[PDB]
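Everything below concerns the one structure shown next.
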Amino acid sequence: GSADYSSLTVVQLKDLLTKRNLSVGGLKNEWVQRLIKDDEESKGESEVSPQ
Numbered sequence: 030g031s032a033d034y035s036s037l038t039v040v041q042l043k044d045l046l047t048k049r050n051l052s053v054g055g056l057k058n059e060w061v062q063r064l065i066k067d068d069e070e071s072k073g074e075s076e077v078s079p080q
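Every number in my numbering is 29 more than the matching position in the sequence shown, counting from 1.
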């Protein structure tokens with residue numbers, strides 16, 4: 030995996046979270062999950078659109 034927020038901090042996780050526009054209304058574990066999903070949305074190639 031490219032992301033390892035699971036080790037990061039709740040402050041950095043939620044900070045970067047809002048930075049992505051996703052959110053933080055969840056939790057650290059859920060933050061790393063949503064983040065990992067956020068970065069994975071590009072699969073290391075290119076982002077996508079909600080269509």
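We treat Cβ as the ideally placed atom computed from N, Cα and C, and that holds for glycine.
>> Assuming residue 77 and residue 70 are in contact, meaning their beta carbons sit under 8 angstroms apart, how far apart are those beta carbons, in whole angstroms?
In response: 6 angstroms
> Excluding five sequence neighbours on each side, which residues of the same chain lie with their C-beta closer than 8 angstroms to the C-beta of residue 73?
Replying inline: 31
>> Can you give me the C-alpha to C-alpha distance between residue 79 and residue 52, rounded to a whole angstrom?
In response: 17 angstroms
>> Do residue 66 and residue 39 count as a contact pair if the criterion is CB distance below 7 angstroms?
In response: It is not a contact, given that the beta carbons lie outside the stated cut-off.
> Apart from the five residues just before and just after residue 35, which ones in its own chain have a Cβ nearer than 6 angstroms to its Cβ?
Replying inline: Once the five neighbours on either side are set aside, the close Cβ partners of residue 35 are 61.
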